[PDB]
Amino acid sequence: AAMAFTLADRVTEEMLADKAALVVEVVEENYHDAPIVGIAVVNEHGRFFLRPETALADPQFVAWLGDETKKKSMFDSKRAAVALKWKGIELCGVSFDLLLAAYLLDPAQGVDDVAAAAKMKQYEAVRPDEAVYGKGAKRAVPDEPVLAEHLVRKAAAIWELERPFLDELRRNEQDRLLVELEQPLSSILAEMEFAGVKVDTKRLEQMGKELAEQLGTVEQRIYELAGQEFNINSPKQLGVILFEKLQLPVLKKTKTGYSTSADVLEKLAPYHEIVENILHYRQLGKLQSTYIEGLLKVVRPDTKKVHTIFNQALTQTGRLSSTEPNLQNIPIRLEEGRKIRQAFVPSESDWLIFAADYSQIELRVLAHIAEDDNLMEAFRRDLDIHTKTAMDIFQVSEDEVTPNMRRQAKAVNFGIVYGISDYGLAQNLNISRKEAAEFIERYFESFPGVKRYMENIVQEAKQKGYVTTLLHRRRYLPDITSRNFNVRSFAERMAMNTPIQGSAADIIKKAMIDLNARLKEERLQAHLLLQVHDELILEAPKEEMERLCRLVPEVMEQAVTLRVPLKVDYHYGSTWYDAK
DNA sequence: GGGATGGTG
DNA sequence: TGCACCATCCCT
Ligand SMILES: OC[C@H]1O[C@@](CO)(O[C@H]2O[C@H](CO)[C@@H](O)[C@H](O)[C@H]2O)[C@@H](O)[C@@H]1O
Ligand SMILES: *Nc1ccc2c(c1)Cc1ccccc1-2
């Protein structure tokens with residue numbers, strides 16, 4: 001039976017109560033400068049639906065929206081805040097965000113709409129957004145009556161579910177995680193996305209022309225070596241030229257056919273000159289398609305800025321993710337791809353890009369959590385951790401660590417952090433099997449605390465059903481007891497890795513909150529632009545660099561207090577690329 | 001729509 | 001490889 005509500009023509013006083021569930025609907029996935037198709041309000045006085053044109057043009061409503069003393073409960077408040085920012089309207093007083101609450105309670109549920117969240121508490125008096133709006137081409141805003149009842153039902157669910165969700169968070173000891181970390185963070189992310197990052201489009205296009213030339217030359221040399229033309233971008237067609245026409249050996253197979261991964265090509269290079277050209281083609285093409293063309297495609301012509309969206313409720317570990325464009329995977333490893341960063345510039349004249357990153361936060365966190373004496377001491381001496389690990393597992397002095405030894409010790413360190421389960425590890429060839437086990441065994445001898453942690457965390461995941469991070473974030477691991485080898489293994493690696501990666505996420509998130517509070521106290525113009533897991537990127541007047549050199553590192557290093565110190569390096573320059 | 005590929009921490 | 005992600009490209 002339909003849900004009762006007032007389809008208002010104008011804003012009334014009872015619509016501006018001091019507490020309410022609010023829905024400011026933005027249907028476009030990318031909410032930047034997007035339309036708000038409708039508004040719904042549910043409070044002690046009743047349920048209302050308001051048309052955006054009138055609601056957002058109503059001085060009293062706009063003031064209510066900006067009154068921090070007028071509390072609102074919402075779902076994905078960042079989406080509303082940003083869409084409103086593009087309209088010059090400030091949203092304040094959001095005391096509860098159902099999306100963030102659901103995420104903290106169980107990130108595995110993949111909650112991405114009110115219906116999904118409500119279903120967690122056996123509430124189903126609301127439809128999933130996809131059912132209302134459709135998907136892909138079919139997607140569209142329905143007629144007012146249908147739209148209005150949907151937004152009212154979503155608001156009604158929020159109104160009803162706030163208490164139950166808050167009580168469970170309290171039980172889980174996640175109440176402060178929501179109110180003091182994720183929600184305040186939501187506001188900061190909104191400012192970051194709204195501000196955007198300036199792009200030197202001319203530079204990007206010039207690189208594009210050059211890549212097109214080199215690419216043209218390479219693809220031609222390839223057809224020459226292959227004795228025919230074909231779609232090099234097709235792993236299937238390329239696999240036919242390589243493993244059939246040229247007779248190259250099949251070292252790796254895929255659940256489809258011939259594997260042509262870079263690592264596989266790396267091994268085939270000695271057999272024929274075409275391989276290197278394929279690799280070169282792959283490198284240039286990746287840059288052209290994803291980082292030149294793909295990027296230019298999302299730059300706003302009027303401002304030359306890109307406004308990413310930081311999904312704060314997706315990763316299973318508590319990390320953020322970035323989309324359209326993804327600004328968390330801009331090239332840096334290879335010098336040629338690194339050039340791309342020269343296109344990311346300050347949004348104003350005489351401003352500079354400032355980047356600060358934690359040094360080995362995962363291993364420092366691991367040292368803290370595992371309480372390993374050897375590992376904690378290593379960091380207390382601020383030692384090169386990879387060289388130190390090499391010395392221990394290979395039993396040699398610092399002077400005896402060769403480049404390959406350090407490289408191998410580094411791979412071991414990533415392995416420990418990713419989770420050494422009883423069903424992977426090896427690929428990088430060279431004996432593997434018994435020896436890989438011997439090195440890991442050597443490692444656990446040098447770091448007994450880490451061994452204890454790995455065993456304990458797995459046992460704890462099985463006993464409690466989940467693992468937790470420093471700030472009480474959790475991840476349920478039901479497969480921890482699966483009788484399927486492979487499936488159980490994944491869960492074990494997750495139990496070992498999540499507290500590490502997740503705690504690192506907790507720390508940088510608090511640092512962001514602490515940092516913004518400091519920047520405001522200091523009256524600095526500097527502001528956050530991006531977060532890339534263990535680093536923060538900002539821009540500010542050149543006059544502020546010196547203060548930032550002392551302020552940012554300090555704030556980030558002091559976000560939390562661990563058994564080992566936290567270390568943050570920093571760089572700044574005229575472009576993202578120069579901030580090295 | 002799925003997999004294959006490759007970009008980041 | 002093994003942890004956590006996202007975008008482009010084929011191809012059914
Ligand atoms: O607003 C981001 C927020 O919305 C969700 C759905 O509740 O994701 C939507 O928006 C993203 C940004 O455009 C898209 O990538 C995604 O496909 C779309 O469903 C949440 O996952 C997210 O936290
Ligand atoms: N995931 C992973 C696990 C173990 C090991 C590596 C990666 C590289 C390596 C080298 C030597 C011994 C053990 C491992």
Side-chain angles (χ1 to χ4, degrees), chain A residues 107 135-136 230-239 252-266 278-279 281-295 297-298 308-311 314-334 336-338 340-341 355 357-363 365-366 411-430 432 436 440 454 467 475 486 489-505 508 530-537:
Chain A
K135 58 178 181 178
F230 63 108
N231 191 311
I232 311 172
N233 284 286
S234 173
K236 182 196 295 296
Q237 299 190 191
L238 178 280
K252 178 188 295 182
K253 306 186 61 54
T254 193
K255 291 187 176 300
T256 311
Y258 307 130
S259 170
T260 66
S261 312
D263 67 312
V264 174
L265 294 182
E266 225 87 56
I278 297 300
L279 288 161
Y281 181 80
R282 280 278 178 71
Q283 196 174 314
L284 302 176
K286 183 66 168 184
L287 252 29
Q288 186 73 295
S289 302
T290 305
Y291 299 107
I292 298 298
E293 293 172 354
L295 207 48
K297 191 168 300 183
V298 294
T308 187
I309 285 178
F310 285 107
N311 195 322
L314 180 155
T315 77
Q316 300 309 293
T317 60
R319 273 192 178 188
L320 304 167
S321 71
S322 174
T323 64
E324 195 176 305
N326 174 350
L327 262 26
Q328 288 184 146
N329 76 328
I330 301 299
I332 190 171
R333 306 187 194 309
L334 277 40
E336 295 176 301
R338 190 171 194 165
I340 297 292
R341 298 188 171 216
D357 67 297
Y358 285 103
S359 177
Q360 307 296 158
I361 191 162
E362 295 183 314
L363 285 170
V365 161
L366 170 59
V412 172
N413 278 326
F414 274 138
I416 267 62
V417 172
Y418 293 168
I420 301 297
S421 56
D422 182 305
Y423 311 166
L425 354 174
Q427 209 185 72
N428 278 13
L429 59 163
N430 215 302
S432 54
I440 293 303
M454 294 306 165
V467 294
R475 184 178 186 182
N486 298 166
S489 211
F490 274 114
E492 305 187 331
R493 296 196 290 281
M494 291 181 184
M496 297 181 262
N497 173 267
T498 296
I500 298 174
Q501 187 183 118
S503 289
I508 190 161
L530 309 168
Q531 181 257 216
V532 191
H533 312 313
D534 69 345
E535 55 178 48
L536 297 177
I537 310 296

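Computed from heavy atoms alone, side chains included, the values below leave out hydrogens, waters and symmetry copies. The chains referred to below are lettered A, B, ... by the order of the sequence lines, with proteins before strands, and numbering in each begins at 1.
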Name the residue closer to the 5' end of DNA chain C, choosing between A:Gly419 and A:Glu293 according to the nucleotide with the nearest heavy atom. A:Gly419
When we call it a touch if two heavy atoms are under 4.0 Å apart, what does A:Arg475 touch: a base, just sugar-phosphate, or nothing? sugar-phosphate
Of the candidates B:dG7, B:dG9, B:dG3, the side chain of A:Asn329 sits closest to B:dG7
Mind checking if A:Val532 touches a base, just sugar-phosphate, or nothing, with heavy atoms under 4.0 Å? sugar-phosphate
For atom CZ of A:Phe414 and atom P of B:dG9, their distance in whole Å: 10 Å
What one should report as the nearest heavy-atom pair of A:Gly337 and A:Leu287 is CA-CD2, 3.8 Å
So which atom in A:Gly419 and which in A:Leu425 form the shortest heavy-atom distance, rounded to 0.1 Å? O-CD2, 4.3 Å
Starting at OH of A:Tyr358, measure out to NE2 of A:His533 and round the result to the nearest 0.5 Å. 14.5 Å
Are side-chain heavy atoms of A:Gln328 and A:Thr308 found at a separation under 4.5 Å? no
In numerical order, the residues of residues 316-324 of chain A whose heavy atoms come under 4.0 Å of DNA chain C are A:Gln316, A:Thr317, A:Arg319, A:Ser321, A:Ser322, A:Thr323, A:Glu324
So what does A:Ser259 hit on the nucleic acid, given a heavy-atom distance under 4.0 Å: a base, only sugar-phosphate, or nothing? sugar-phosphate
Measuring to OP1 and OP2 of B:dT5, would you say a side-chain N or O of A:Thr260 lies under 4.0 angstrom away? yes
In the 5' to 3' direction, the nucleotides of DNA chain C bounding the stretch that comes under 4.0 Å of a heavy atom in chain A are C:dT1 to C:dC11
For A:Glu492 and A:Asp422 the tightest heavy-atom approach is OE1-N, 4.1 Å
At their closest point, which heavy atom of A:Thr260 faces which heavy atom of A:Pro235, and how far apart are they? CG2-O, 3.8 Å
Take the protein atom CD1 of A:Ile278 and the nucleotide atom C1' of B:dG6, then report the distance between them rounded to whole Å. 15 Å
Is A:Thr254 near enough to B:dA4 that one of its side-chain N or O atoms lies under 4.0 angstrom from OP1 or OP2? yes
Would you indicate what A:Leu287 reaches in the nucleic acid, counting non-hydrogen atoms under 4.0 angstrom: base, sugar-phosphate, or nothing? nothing
In short, A:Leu314 meets A:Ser321 closest at the heavy-atom pair CD1-OG, 4.2 Å
To the nearest Å, how far apart are A:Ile340 CD1 and B:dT8 P? 11 Å
Listed in order of residue number, which residues of residues 489-505 of chain A have a non-hydrogen atom at under 4.0 Å from DNA chain B? A:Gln501
Classify the nucleic acid contact of A:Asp357 as base, sugar-phosphate or nothing, counting any heavy atom under 4.0 Å across all strands shown. nothing
Heavy atoms, side chains only, cut-off 4.5 Å: are A:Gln316 and A:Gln501 in contact? no
Could you check C:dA4 and say if its sugar is north or south from the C1'-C2'-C3'-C4' sign? north
Please give me the minimum heavy-atom distance between A:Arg282 and A:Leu265, naming the atom from each residue. NH1-CD1, 3.8 Å
Among B:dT5, B:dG7, B:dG9, the one nearest A:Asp534 by side-chain distance: B:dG9
Counting only heavy atoms not in A:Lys252 (residues, nucleotides, ligands), do more than 12 fall under 6.0 Å from its NZ? yes
Close side-chain approach of A:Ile440 to A:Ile416, heavy-atom, < 4.5 Å: yes
Could you say whether A:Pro235 or A:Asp263 is positioned toward the 5' end of DNA chain C, judged by the nucleotide with the nearest heavy atom to each? A:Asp263
Please report the distance, rounded to the nearest Å, between CG in A:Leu530 and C1' in B:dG7. 16 Å
Measure distances between side-chain N and O atoms of A:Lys286 and base N and O atoms of B:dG7, and say whether any donor-acceptor pair falls under 3.5 Å. no
Does A:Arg282 have a side-chain nitrogen or oxygen under 4.0 Å from the phosphate oxygens OP1 or OP2 of B:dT5? no
4.5 Å side-chain heavy-atom contact, A:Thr323 and A:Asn311: no
Rounded to the nearest angstrom, tell me the gap between atom NE2 in A:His533 and atom P in B:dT8. 11 Å
In whole angstrom, give the distance that lies between atom CD of A:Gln288 and atom P of B:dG6. 17 Å
Quick one: are A:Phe310 and A:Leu530 in side-chain contact, heavy atoms under 4.5 Å? yes
Please report, rounded to the nearest Å, how far the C1' atom of B:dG6 is from the CG atom of A:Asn233. 13 Å
Euclidean distance, atom CG of residue A:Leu265 to atom P of B:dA4 [Å, nearest integer]: 15 Å
